[PDB]
């Protein structure tokens, strides 16, 4: 029975070695939470939350996805998620799940995802959702602006053989609008948080990446992940046995400023799911890092999980 673990497994893409960690509670384990990070960040930003989960009695598993964090640093690959399709990241989450459940086979299992991590987790719940006791979505998207238009454009560029080329202009089309509500934004990433210190730390963390853009096929995957989880057509694929906790800030462009977050909740409720939502007024994207609400955000996640375990 191992406690803290630092591990690696081969990616579904067949080339990257995914770096991952397992963090165990000192108390008798009561559950497992798998933490799925978002675009351009990495899993060790989540240490504060992970430790809180451990103190609640939860085992925590998290990896740095392909193209991200220590996985990207050790491989030198920041821009290419590979040639195996948009399911790659969900499949790598599945590999990590099987590792941690082999160690802890009888515990209730929960998946937490923030931003692209919530997109991965939503797709995961529709493809590998059996056995999930609960799903936590943070900073999630409704219909994400420009995603549906770029999807055929990028698909064509792949068919024309340009999938491994990099064109920053498509990423700017997809994400350049996100500071639209902010007066005099000091950086294009000010939508991350209204605390400039959080934005600056994100910029200065060498395991984050907003410097090397994804290549065309990886951007295609990203927009595929955005679009495959839209609507009741997606929500019906998620077993109603999985309760959902859906949280965001209402100044977050990723979730259309609260409206897209509640649209996701509605798609799920309309298809028979048990959903609990909390939108934090006046906060941008990273509600779980904003220091004035971080403890409340974490306690809410833990309360949701505890309500399911017993």
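Numbering follows the first chain given and starts at 1.
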With respect to the recorded C-alpha B factors, which stretch has the higher mean value, 298-306 or 6-14? 6-14
Got a sec? Mean C-alpha B-factor, which is higher, 82-90 or 147-155? 147-155
Using the temperature factors in the entry, find which of 237, 202, 186, 122 has the highest value at its Cα atom. 186
Residue with highest C-alpha B-factor in the PDB entry, from 206, 213, 231, 113: 213
By the record's CA B-factor, is residue 195 among the lowest, middle or highest third of residues in the chain? lowest
Here the Cα B-factor of residue 243, set against its chain, lands in the third termed lowest
By the record's CA B-factor, is residue 253 among the lowest, middle or highest third of residues in the chain? middle
Where does the C-alpha B-factor of residue 105 rank in its chain, lowest, middle or highest third? highest
Taking the C-alpha B-factors as the PDB entry records them, is residue 76 in the lowest, middle or highest third of its chain? highest
